[PDB]
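Residues 1 to 330 in the deposited numbering are what the sequence shown lists, from first letter to last.
Even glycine gets a Cβ: it sits at the ideal position worked out from N, Cα and C.
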Amino acid sequence: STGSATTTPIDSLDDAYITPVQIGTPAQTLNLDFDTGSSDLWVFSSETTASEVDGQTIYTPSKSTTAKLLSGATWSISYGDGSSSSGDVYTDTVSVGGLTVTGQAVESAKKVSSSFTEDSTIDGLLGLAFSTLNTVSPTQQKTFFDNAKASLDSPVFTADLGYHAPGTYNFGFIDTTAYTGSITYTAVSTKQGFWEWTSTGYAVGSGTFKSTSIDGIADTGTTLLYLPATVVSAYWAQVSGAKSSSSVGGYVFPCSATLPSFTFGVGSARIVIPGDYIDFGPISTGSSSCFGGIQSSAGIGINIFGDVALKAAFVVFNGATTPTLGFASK
Numbered sequence: 001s002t003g004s005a006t007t008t009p010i011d012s013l014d015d016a017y018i019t020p021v022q023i024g025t026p027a028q029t030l031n032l033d034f035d036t037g038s039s040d041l042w043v044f045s046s047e048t049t050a051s052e053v054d055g056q057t058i059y060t061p062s063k064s065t066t067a068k069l070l071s072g073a074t075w076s077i078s079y080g081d082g083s084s085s086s087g088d089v090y091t092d093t094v095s096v097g098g099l100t101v102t103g104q105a106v107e108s109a110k111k112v113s114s115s116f117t118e119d120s121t122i123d124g125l126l127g128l129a130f131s132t133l134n135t136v137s138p139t140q141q142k143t144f145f146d147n148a149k150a151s152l153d154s155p156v157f158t159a160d161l162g163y164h165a166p167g168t169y170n171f172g173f174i175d176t177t178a179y180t181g182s183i184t185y186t187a188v189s190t191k192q193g194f195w196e197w198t199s200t201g202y203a204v205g206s207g208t209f210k211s212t213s214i215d216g217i218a219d220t221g222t223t224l225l226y227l228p229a230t231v232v233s234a235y236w237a238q239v240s241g242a243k244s245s246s247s248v249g250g251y252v253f254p255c256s257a258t259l260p261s262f263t264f265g266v267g268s269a270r271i272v273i274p275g276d277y278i279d280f281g282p283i284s285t286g287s288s289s290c291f292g293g294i295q296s297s298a299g300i301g302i303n304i305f306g307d308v309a310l311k312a313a314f315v316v317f318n319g320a321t322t323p324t325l326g327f328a329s330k
């Protein structure tokens with residue numbers, strides 16, 4: 001089997017991407033944030049504290065003839081950005097782009113933190129990291145990909161995120177028309193439950209490539225590119241007037257600037273992030289100070305190849321017995 005679904009930016013900055021997901025019988029379609037950095041499929045629901053719902057579409061398990069309460073199971077998750085959610089668990093039928101999993105754990109939110117409430121466009125998350133990170137207790141549950149894998153034509157999914165445009169998540173096949181050149185595969189460590197890999201280096205604009213190992217995670221659920229302070233300083237030094245602002249919480253730059261590209265290495269291959277991808281717009285409405293899309297990972301504890309990086313590539317998440325990651329230009 002295979003599936004193919006369009007993923008759509010939530011706003012004009014590509015702050016996140018939403019993908020429609022069918023849950024239950026009859027189908028209830030919710031727009032979920034597919035997150036290769038976490039491993040819970042959780043939704044706003046009829047059980048979510050009413051004051052914490054503001055415009056989201058909810059899953060109502062009582063209206064699904066295939067929903068079953070997973071007795072005794074609870075979940076609770078906290079994300080790198082400080083947001084969180086928790087609740088109880090149903091199993092139900094879940095379909096993505098024509099690919100159907102029966103008995104998928106659907107984690108129903110009883111509580112969500114303010115940032116989730118405040119984002120009316122995201123109805124929940126669909127985790128695509130390794131199931132070892134799943135938070136369901138006392139019986140850990142499998143991700144949608146993990147459940148689908150054996151049925152797929154090939155045990156893979158691909159992320160093809162657009163810049164200011166829709167893109168695609170495919171399950172079970174590699175669309176050879178969706179990228180240019182070849183796909184370069186690179187080793188993955190699953191030791192921390194992430195799609196963790198080692199970039200071979202970077203360049204800033206038309207500058208020379210610096211060969212250096214940068215361990216980080218391929219994370220579709222993180223907006224920006226978070227890299228070591230040395231790398232980030234080298235990037236922003238090429239932008240007149242750019243500075244790290246403690247009050248804003250990262251590097252800012254004059255909105256009048258033309259940003260240089262940023263290249264990262266995948267083996268001997270190179271992925272080029274155009275400068276415009278690194279512009280996240282005014283820090284506050286009407287400001288001429290703009291927020292940068294490349295930020296320091298210092299104090300995160302891990303480097304993160306988030307959407308800024310991934311959207312410059314066609315990315316293969318290869319879930320074979322020994323997982324690997326593939327990157328192609330597009």
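query, result
"Which residue from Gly221, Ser233, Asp153 puts its Cα closest to that of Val204?", "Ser233"
"From the DSSP output, in three-state form, read off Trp195 for me.", "coil"
"Just reading off the beta strand (DSSP E) that residue 372 is part of, what are its end residues?", "Since the first and last residues shown for the chain are 1 and 330, residue 372 lies out of range."
"Determine, using beta carbons only, whether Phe157 and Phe171 come nearer to each other than 8 Å.", "yes"
"For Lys149, which three-state DSSP category applies?", "helix"
"Which same chain residues end up closer than 6 Å to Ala269 when comparing Cβ atoms and leaving out the 5 residues on each side of it in sequence?", "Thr184"
"Check for me: the alpha helix (DSSP H) holding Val101 runs from which residue to which?", "Here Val101 belongs to no alpha helix (DSSP H); instead the beta strand (DSSP E) covers 99-112."
"Is the separation between the beta-carbon of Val239 and that of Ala218 shorter than 8 Å?", "no"
"Mapping DSSP to helix, strand and coil, what is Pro282?", "strand"
"Can you tell me whether DSSP reads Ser71 as helix, strand or coil?", "strand"
"Given 8 Å as the limit, is there contact between the stretch 7-22 and the stretch 91-102, that is, 3 or more CB pairs closer than that?", "yes"
"Within the continuous beta strand (DSSP E) that includes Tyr17, where are the two ends?", "17-23"
"Since residue 349 sits in a beta bridge, which residues does DSSP pair it with?", "Since the displayed the chain opens at 1 and closes at 330, residue 349 lies outside it and no answer follows."
"Is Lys311 near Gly162, with beta carbons less than 8 Å apart?", "yes"
"Whole angstroms is fine: what's the gap from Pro260's alpha carbon to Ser206's?", "8 Å"
"With three or more C-beta pairs closer than 8 Å as the rule, is the stretch 77-95 touching the stretch 32-43?", "yes"
"Quick check on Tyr251: does DSSP put it in helix, strand or coil?", "strand"
"Along the chain, where does the beta strand (DSSP E) that runs through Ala328 open and close?", "324-328"
"I'd like the list of long-range same chain contacts for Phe209, defined as Cβ closer than 8 Å, with 5 residues on each side in sequence excluded.", "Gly201, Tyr202, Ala203, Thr263, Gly265, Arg270"
"Out of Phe116, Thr135, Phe130, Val101, state which residue places its alpha-carbon closest to the alpha-carbon of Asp88.", "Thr135"
"Take every Cβ of the stretch 143-158, pair it with every Cβ of the stretch 100-113, and state whether three or more of those distances are shorter than 8 Å.", "yes"
"What residue does the beta strand (DSSP E) around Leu32 start on, and which one ends it?", "28-35"
"Which one of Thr186, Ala229, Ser115, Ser245 has the shortest CA to CA distance from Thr322?", "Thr186"
"With respect to the alpha helix (DSSP H) encompassing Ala309, which residues constitute its N-terminal and C-terminal limits?", "307-310"
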